[PDB]
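Asks: Compact mmCIF, N, CA, C and O atoms, saved as my_file33.txt, coming up:
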# COMPACT_ATOMS: atom_id res chain seq x y z
N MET A 1 115.12 -118.48 44.15
CA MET A 1 113.99 -117.58 44.06
C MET A 1 112.86 -118.26 43.33
O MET A 1 111.79 -118.47 43.89
N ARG A 2 113.12 -118.69 42.09
CA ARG A 2 112.09 -119.32 41.27
C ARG A 2 111.52 -120.54 41.93
O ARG A 2 110.32 -120.83 41.79
N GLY A 3 112.36 -121.31 42.62
CA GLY A 3 111.85 -122.42 43.39
C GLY A 3 110.80 -121.95 44.38
O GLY A 3 109.69 -122.50 44.46
N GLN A 4 111.10 -120.86 45.09
CA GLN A 4 110.12 -120.33 46.03
C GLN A 4 108.94 -119.68 45.31
O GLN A 4 107.81 -119.86 45.75
N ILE A 5 109.18 -118.94 44.22
CA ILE A 5 108.09 -118.31 43.46
C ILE A 5 107.07 -119.35 43.07
O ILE A 5 105.88 -119.24 43.37
N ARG A 6 107.54 -120.35 42.34
CA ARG A 6 106.68 -121.42 41.88
C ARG A 6 106.00 -122.09 43.05
O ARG A 6 104.80 -122.42 42.99
N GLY A 7 106.74 -122.26 44.15
CA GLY A 7 106.13 -122.80 45.35
C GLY A 7 105.06 -121.90 45.93
O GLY A 7 104.15 -122.38 46.61
N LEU A 8 105.17 -120.59 45.70
CA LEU A 8 104.15 -119.66 46.17
C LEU A 8 102.94 -119.67 45.27
O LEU A 8 101.82 -119.41 45.72
N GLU A 9 103.16 -119.91 43.98
CA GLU A 9 102.04 -120.06 43.07
C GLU A 9 101.22 -121.29 43.44
O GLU A 9 100.00 -121.22 43.60
N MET A 10 101.91 -122.41 43.65
CA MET A 10 101.22 -123.61 44.11
C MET A 10 100.73 -123.45 45.54
O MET A 10 99.80 -124.15 45.96
N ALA A 11 101.34 -122.55 46.31
CA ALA A 11 100.85 -122.26 47.65
C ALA A 11 99.51 -121.55 47.58
O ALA A 11 98.58 -121.89 48.32
N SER A 12 99.42 -120.54 46.73
CA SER A 12 98.16 -119.85 46.52
C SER A 12 97.11 -120.83 46.05
O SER A 12 95.98 -120.83 46.55
N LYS A 13 97.48 -121.68 45.10
CA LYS A 13 96.60 -122.74 44.65
C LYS A 13 96.10 -123.57 45.82
O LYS A 13 94.89 -123.73 46.02
N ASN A 14 97.02 -124.08 46.63
CA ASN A 14 96.64 -124.96 47.74
C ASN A 14 95.75 -124.24 48.74
O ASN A 14 94.85 -124.85 49.33
N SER A 15 96.02 -122.96 48.97
CA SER A 15 95.25 -122.22 49.96
C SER A 15 93.85 -121.93 49.45
O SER A 15 92.88 -122.01 50.20
N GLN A 16 93.74 -121.58 48.17
CA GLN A 16 92.43 -121.41 47.57
C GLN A 16 91.64 -122.70 47.64
O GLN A 16 90.43 -122.69 47.87
N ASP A 17 92.32 -123.81 47.42
CA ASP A 17 91.68 -125.11 47.55
C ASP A 17 91.23 -125.34 48.98
O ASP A 17 90.13 -125.86 49.23
N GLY A 18 92.08 -124.95 49.94
CA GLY A 18 91.67 -124.90 51.34
C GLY A 18 90.36 -124.17 51.50
O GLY A 18 89.42 -124.67 52.11
N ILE A 19 90.27 -122.99 50.90
CA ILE A 19 89.07 -122.17 51.01
C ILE A 19 87.88 -122.89 50.44
O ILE A 19 86.77 -122.82 50.97
N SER A 20 88.08 -123.57 49.32
CA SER A 20 86.97 -124.29 48.70
C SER A 20 86.43 -125.34 49.64
O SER A 20 85.21 -125.47 49.83
N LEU A 21 87.33 -126.09 50.26
CA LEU A 21 86.92 -127.06 51.28
C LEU A 21 86.16 -126.37 52.39
O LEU A 21 85.08 -126.83 52.81
N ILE A 22 86.72 -125.27 52.89
CA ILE A 22 86.13 -124.55 54.00
C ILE A 22 84.70 -124.17 53.67
O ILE A 22 83.77 -124.53 54.38
N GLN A 23 84.52 -123.42 52.59
CA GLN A 23 83.21 -122.89 52.25
C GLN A 23 82.21 -124.00 51.95
O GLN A 23 81.01 -123.83 52.19
N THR A 24 82.69 -125.12 51.43
CA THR A 24 81.82 -126.28 51.29
C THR A 24 81.25 -126.68 52.64
O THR A 24 80.03 -126.65 52.87
N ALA A 25 82.15 -127.01 53.57
CA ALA A 25 81.70 -127.44 54.89
C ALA A 25 80.91 -126.34 55.58
O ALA A 25 79.93 -126.60 56.28
N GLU A 26 81.32 -125.10 55.37
CA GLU A 26 80.68 -123.93 55.95
C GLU A 26 79.22 -123.87 55.56
O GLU A 26 78.33 -123.81 56.42
N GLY A 27 78.94 -123.87 54.26
CA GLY A 27 77.56 -123.79 53.81
C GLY A 27 76.76 -124.97 54.29
O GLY A 27 75.59 -124.83 54.68
N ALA A 28 77.40 -126.14 54.33
CA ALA A 28 76.71 -127.32 54.83
C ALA A 28 76.32 -127.15 56.29
O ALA A 28 75.20 -127.48 56.69
N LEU A 29 77.23 -126.60 57.10
CA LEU A 29 76.95 -126.39 58.52
C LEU A 29 75.93 -125.28 58.72
O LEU A 29 75.20 -125.29 59.71
N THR A 30 75.91 -124.30 57.82
CA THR A 30 74.88 -123.28 57.86
C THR A 30 73.51 -123.92 57.67
O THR A 30 72.56 -123.60 58.39
N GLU A 31 73.40 -124.82 56.70
CA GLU A 31 72.13 -125.49 56.49
C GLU A 31 71.78 -126.37 57.68
O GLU A 31 70.62 -126.42 58.10
N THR A 32 72.77 -127.10 58.20
CA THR A 32 72.57 -127.89 59.41
C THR A 32 71.99 -127.03 60.50
O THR A 32 71.01 -127.39 61.16
N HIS A 33 72.60 -125.88 60.69
CA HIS A 33 72.16 -124.95 61.71
C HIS A 33 70.72 -124.53 61.50
O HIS A 33 69.93 -124.49 62.44
N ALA A 34 70.38 -124.19 60.26
CA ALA A 34 69.01 -123.80 59.95
C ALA A 34 68.04 -124.91 60.33
O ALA A 34 66.97 -124.66 60.91
N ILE A 35 68.42 -126.16 60.03
CA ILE A 35 67.61 -127.28 60.47
C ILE A 35 67.46 -127.23 61.98
O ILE A 35 66.35 -127.29 62.49
N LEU A 36 68.57 -127.06 62.69
CA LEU A 36 68.52 -127.08 64.15
C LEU A 36 67.62 -125.99 64.69
O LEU A 36 66.99 -126.17 65.74
N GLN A 37 67.52 -124.86 64.00
CA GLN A 37 66.52 -123.87 64.36
C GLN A 37 65.13 -124.47 64.24
O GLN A 37 64.30 -124.35 65.16
N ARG A 38 64.87 -125.15 63.12
CA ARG A 38 63.57 -125.80 62.99
C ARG A 38 63.37 -126.83 64.08
O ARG A 38 62.26 -127.03 64.57
N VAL A 39 64.44 -127.54 64.43
CA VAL A 39 64.34 -128.55 65.46
C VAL A 39 63.86 -127.90 66.74
O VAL A 39 62.88 -128.35 67.33
N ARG A 40 64.50 -126.81 67.15
CA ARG A 40 64.10 -126.19 68.41
C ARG A 40 62.67 -125.68 68.34
O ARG A 40 61.97 -125.68 69.35
N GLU A 41 62.24 -125.20 67.17
CA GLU A 41 60.82 -124.91 67.02
C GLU A 41 60.00 -126.13 67.38
O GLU A 41 59.02 -126.06 68.13
N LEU A 42 60.44 -127.28 66.88
CA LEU A 42 59.73 -128.52 67.15
C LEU A 42 59.97 -129.01 68.56
O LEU A 42 59.23 -129.88 69.03
N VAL A 43 61.00 -128.52 69.24
CA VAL A 43 61.17 -128.85 70.65
C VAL A 43 60.17 -128.08 71.48
O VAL A 43 59.55 -128.62 72.40
N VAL A 44 60.02 -126.80 71.18
CA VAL A 44 59.09 -125.98 71.94
C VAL A 44 57.67 -126.44 71.69
O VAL A 44 56.84 -126.47 72.61
N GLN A 45 57.36 -126.83 70.45
CA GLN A 45 56.10 -127.51 70.23
C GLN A 45 56.09 -128.85 70.94
O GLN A 45 55.05 -129.28 71.47
N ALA A 46 57.24 -129.52 70.98
CA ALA A 46 57.39 -130.78 71.69
C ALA A 46 57.61 -130.59 73.17
O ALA A 46 58.03 -131.51 73.87
N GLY A 47 57.30 -129.39 73.65
CA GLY A 47 56.73 -129.27 74.96
C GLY A 47 55.31 -129.75 75.05
O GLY A 47 54.66 -129.49 76.07
N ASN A 48 54.77 -130.37 73.98
CA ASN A 48 53.47 -131.03 73.99
C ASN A 48 52.36 -129.98 74.03
O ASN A 48 51.18 -130.28 74.21
N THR A 49 52.75 -128.73 73.76
CA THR A 49 51.98 -127.58 74.22
C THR A 49 51.53 -127.84 75.65
O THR A 49 50.34 -127.84 75.98
N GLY A 50 52.50 -128.21 76.47
CA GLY A 50 52.18 -128.61 77.81
C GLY A 50 51.72 -130.05 77.91
O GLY A 50 52.53 -130.96 78.07
N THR A 51 50.40 -130.22 77.92
CA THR A 51 49.78 -131.53 77.75
C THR A 51 48.79 -131.55 76.60
O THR A 51 48.20 -132.60 76.32
N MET C 1 160.32 -120.61 18.57
CA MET C 1 159.18 -119.73 18.47
C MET C 1 158.05 -120.44 17.75
O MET C 1 156.99 -120.66 18.32
N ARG C 2 158.32 -120.91 16.53
CA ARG C 2 157.30 -121.57 15.72
C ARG C 2 156.75 -122.79 16.42
O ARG C 2 155.56 -123.09 16.29
N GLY C 3 157.60 -123.52 17.12
CA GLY C 3 157.10 -124.62 17.92
C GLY C 3 156.05 -124.14 18.90
O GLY C 3 154.96 -124.71 19.00
N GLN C 4 156.34 -123.03 19.58
CA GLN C 4 155.36 -122.49 20.51
C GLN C 4 154.16 -121.88 19.78
O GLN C 4 153.04 -122.06 20.22
N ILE C 5 154.39 -121.16 18.67
CA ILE C 5 153.29 -120.56 17.90
C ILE C 5 152.29 -121.63 17.53
O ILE C 5 151.09 -121.53 17.83
N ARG C 6 152.76 -122.64 16.82
CA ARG C 6 151.92 -123.73 16.39
C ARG C 6 151.25 -124.39 17.59
O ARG C 6 150.06 -124.74 17.54
N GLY C 7 151.99 -124.52 18.69
CA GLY C 7 151.40 -125.04 19.90
C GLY C 7 150.32 -124.14 20.46
O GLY C 7 149.41 -124.61 21.15
N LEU C 8 150.40 -122.84 20.20
CA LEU C 8 149.38 -121.91 20.65
C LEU C 8 148.17 -121.96 19.75
O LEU C 8 147.04 -121.70 20.19
N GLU C 9 148.38 -122.22 18.47
CA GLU C 9 147.26 -122.42 17.56
C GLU C 9 146.47 -123.64 17.97
O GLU C 9 145.24 -123.59 18.12
N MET C 10 147.17 -124.75 18.21
CA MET C 10 146.50 -125.95 18.70
C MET C 10 146.00 -125.76 20.12
O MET C 10 145.09 -126.47 20.56
N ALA C 11 146.61 -124.83 20.87
CA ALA C 11 146.11 -124.51 22.20
C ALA C 11 144.77 -123.83 22.12
O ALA C 11 143.84 -124.16 22.86
N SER C 12 144.66 -122.84 21.23
CA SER C 12 143.39 -122.18 21.02
C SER C 12 142.35 -123.18 20.57
O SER C 12 141.23 -123.19 21.07
N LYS C 13 142.73 -124.05 19.64
CA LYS C 13 141.86 -125.13 19.22
C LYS C 13 141.38 -125.94 20.41
O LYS C 13 140.17 -126.11 20.62
N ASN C 14 142.31 -126.42 21.24
CA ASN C 14 141.94 -127.28 22.36
C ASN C 14 141.05 -126.54 23.35
O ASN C 14 140.16 -127.15 23.96
N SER C 15 141.30 -125.25 23.55
CA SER C 15 140.52 -124.50 24.52
C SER C 15 139.12 -124.24 24.00
O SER C 15 138.15 -124.32 24.76
N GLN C 16 139.00 -123.93 22.72
CA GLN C 16 137.69 -123.79 22.11
C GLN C 16 136.92 -125.09 22.22
O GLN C 16 135.70 -125.09 22.45
N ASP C 17 137.61 -126.20 22.02
CA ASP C 17 136.99 -127.50 22.19
C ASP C 17 136.55 -127.70 23.63
O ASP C 17 135.45 -128.23 23.89
N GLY C 18 137.39 -127.28 24.58
CA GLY C 18 136.98 -127.20 25.97
C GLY C 18 135.66 -126.48 26.12
O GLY C 18 134.73 -126.98 26.74
N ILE C 19 135.55 -125.32 25.49
CA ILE C 19 134.35 -124.51 25.58
C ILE C 19 133.16 -125.27 25.03
O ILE C 19 132.05 -125.19 25.56
N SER C 20 133.37 -125.98 23.92
CA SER C 20 132.27 -126.72 23.32
C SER C 20 131.74 -127.76 24.29
O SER C 20 130.52 -127.90 24.49
N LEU C 21 132.66 -128.48 24.94
CA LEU C 21 132.27 -129.42 25.98
C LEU C 21 131.49 -128.72 27.07
O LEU C 21 130.43 -129.18 27.51
N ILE C 22 132.04 -127.60 27.54
CA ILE C 22 131.44 -126.86 28.64
C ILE C 22 130.00 -126.51 28.30
O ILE C 22 129.08 -126.86 29.02
N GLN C 23 129.81 -125.79 27.20
CA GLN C 23 128.49 -125.29 26.85
C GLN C 23 127.51 -126.42 26.58
O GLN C 23 126.31 -126.27 26.82
N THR C 24 128.01 -127.55 26.08
CA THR C 24 127.15 -128.73 25.98
C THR C 24 126.59 -129.09 27.34
O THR C 24 125.37 -129.08 27.57
N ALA C 25 127.50 -129.39 28.28
CA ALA C 25 127.06 -129.79 29.61
C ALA C 25 126.25 -128.69 30.27
O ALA C 25 125.28 -128.95 30.98
N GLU C 26 126.65 -127.44 30.03
CA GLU C 26 125.99 -126.27 30.58
C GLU C 26 124.52 -126.24 30.19
O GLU C 26 123.64 -126.17 31.05
N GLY C 27 124.24 -126.28 28.89
CA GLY C 27 122.86 -126.23 28.44
C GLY C 27 122.08 -127.41 28.96
O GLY C 27 120.91 -127.28 29.35
N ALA C 28 122.73 -128.57 29.02
CA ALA C 28 122.07 -129.75 29.56
C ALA C 28 121.68 -129.54 31.01
O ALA C 28 120.57 -129.89 31.42
N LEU C 29 122.58 -128.96 31.81
CA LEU C 29 122.29 -128.72 33.22
C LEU C 29 121.27 -127.62 33.39
O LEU C 29 120.53 -127.61 34.38
N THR C 30 121.23 -126.67 32.46
CA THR C 30 120.18 -125.66 32.49
C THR C 30 118.82 -126.32 32.31
O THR C 30 117.86 -126.00 33.03
N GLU C 31 118.72 -127.25 31.36
CA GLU C 31 117.46 -127.95 31.18
C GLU C 31 117.13 -128.80 32.39
O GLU C 31 115.96 -128.86 32.82
N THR C 32 118.13 -129.50 32.93
CA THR C 32 117.94 -130.27 34.15
C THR C 32 117.35 -129.39 35.22
O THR C 32 116.38 -129.74 35.90
N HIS C 33 117.94 -128.22 35.38
CA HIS C 33 117.49 -127.27 36.38
C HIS C 33 116.05 -126.88 36.16
O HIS C 33 115.25 -126.83 37.11
N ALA C 34 115.70 -126.57 34.92
CA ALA C 34 114.32 -126.22 34.60
C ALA C 34 113.37 -127.33 35.01
O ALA C 34 112.30 -127.08 35.58
N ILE C 35 113.77 -128.58 34.74
CA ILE C 35 112.98 -129.70 35.21
C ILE C 35 112.83 -129.61 36.71
O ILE C 35 111.72 -129.68 37.23
N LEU C 36 113.93 -129.41 37.42
CA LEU C 36 113.89 -129.39 38.88
C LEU C 36 112.97 -128.30 39.40
O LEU C 36 112.34 -128.46 40.46
N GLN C 37 112.86 -127.19 38.67
CA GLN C 37 111.84 -126.21 39.01
C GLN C 37 110.46 -126.83 38.91
O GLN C 37 109.63 -126.70 39.83
N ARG C 38 110.20 -127.54 37.81
CA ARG C 38 108.92 -128.22 37.70
C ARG C 38 108.74 -129.22 38.82
O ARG C 38 107.62 -129.42 39.32
N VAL C 39 109.82 -129.91 39.18
CA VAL C 39 109.73 -130.89 40.24
C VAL C 39 109.25 -130.22 41.50
O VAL C 39 108.27 -130.66 42.10
N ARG C 40 109.87 -129.10 41.89
CA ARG C 40 109.46 -128.45 43.13
C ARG C 40 108.03 -127.97 43.05
O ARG C 40 107.32 -127.95 44.06
N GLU C 41 107.59 -127.53 41.87
CA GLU C 41 106.16 -127.26 41.71
C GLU C 41 105.36 -128.49 42.10
O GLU C 41 104.38 -128.41 42.86
N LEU C 42 105.81 -129.64 41.63
CA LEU C 42 105.12 -130.88 41.93
C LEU C 42 105.37 -131.34 43.36
O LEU C 42 104.65 -132.21 43.85
N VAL C 43 106.40 -130.81 44.03
CA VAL C 43 106.58 -131.10 45.44
C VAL C 43 105.56 -130.33 46.25
O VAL C 43 104.95 -130.85 47.18
N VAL C 44 105.40 -129.05 45.92
CA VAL C 44 104.46 -128.23 46.66
C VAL C 44 103.04 -128.72 46.42
O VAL C 44 102.21 -128.74 47.34
N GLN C 45 102.74 -129.14 45.20
CA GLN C 45 101.48 -129.85 44.99
C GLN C 45 101.49 -131.17 45.74
O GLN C 45 100.47 -131.60 46.28
N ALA C 46 102.66 -131.82 45.80
CA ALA C 46 102.82 -133.07 46.54
C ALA C 46 103.04 -132.83 48.01
O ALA C 46 103.48 -133.73 48.74
N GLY C 47 102.72 -131.63 48.46
CA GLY C 47 102.15 -131.48 49.77
C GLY C 47 100.73 -131.98 49.87
O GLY C 47 100.09 -131.70 50.89
N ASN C 48 100.20 -132.63 48.82
CA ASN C 48 98.91 -133.31 48.85
C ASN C 48 97.79 -132.27 48.86
O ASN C 48 96.61 -132.59 49.05
N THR C 49 98.16 -131.03 48.57
CA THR C 49 97.37 -129.88 48.99
C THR C 49 96.93 -130.11 50.43
O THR C 49 95.74 -130.12 50.76
N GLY C 50 97.91 -130.44 51.26
CA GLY C 50 97.59 -130.82 52.61
C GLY C 50 97.16 -132.25 52.75
O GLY C 50 97.98 -133.15 52.93
N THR C 51 95.84 -132.45 52.77
CA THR C 51 95.24 -133.77 52.63
C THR C 51 94.25 -133.84 51.48
O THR C 51 93.67 -134.90 51.23
Could you quickly redo this structure as structure tokens?

Replies:
Amino acid sequence: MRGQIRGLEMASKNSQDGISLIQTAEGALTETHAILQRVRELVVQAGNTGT
Amino acid sequence: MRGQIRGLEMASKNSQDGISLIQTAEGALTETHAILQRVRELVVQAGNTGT
């Protein structure tokens, strides 16, 4: 039991650490995405306003 | 009778001595076990927290 208990404590630890990794990459990709919104703004402008 | 009596006195002695040996090894194995609990904690952490 205690072997598993302690393993579950370190499991919770490892999973929370998983979450930390996730949210790191998550926020980074959110910012990336926001850039890409700006990019498409610049694409539509980089329709040259036509000519 | 007295031969057996005296032999029972030394028998009790020998058995108590048995117990002393037992409880020595017992407590030692209890501590060993406690270590092994810590080990498994370090195994679950030595899941590398994954990567």

Asks: Using Å and a single decimal, report how far CA of residue 37 in chain C sits from CA of residue 1 in chain A.

Replies: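 Separation of CA of residue 1 in chain A and CA of residue 37 in chain C: 10.2 Å.
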
Asks: Each residue of chain C with at least one atom at most 6 Å from chain A should appear once, together with its nearest atom pair and the corresponding distance in Å (one decimal); atoms considered: only C-alpha atoms; ordering: chain, then increasing residue number; output as a tab-separated table.

Replies:
residue	atom	partner	partner_atom	distance
C:37	CA	A:3	CA	5.8
C:41	CA	A:7	CA	5.8
C:44	CA	A:7	CA	5.8
C:49	CA	A:14	CA	5.1

Asks: Can you tell me how far atom C of residue 45 in chain A sits from atom O of residue 33 in chain A, in Å to one decimal?

Replies: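 Separation of atom C of residue 45 in chain A and atom O of residue 33 in chain A: 16.8 Å.
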
Asks: So how many Å separate atom O of residue 31 in chain A and atom O of residue 47 in chain A, to one decimal?

Replies: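 That distance, rounded to one decimal, is 24.2 Å.
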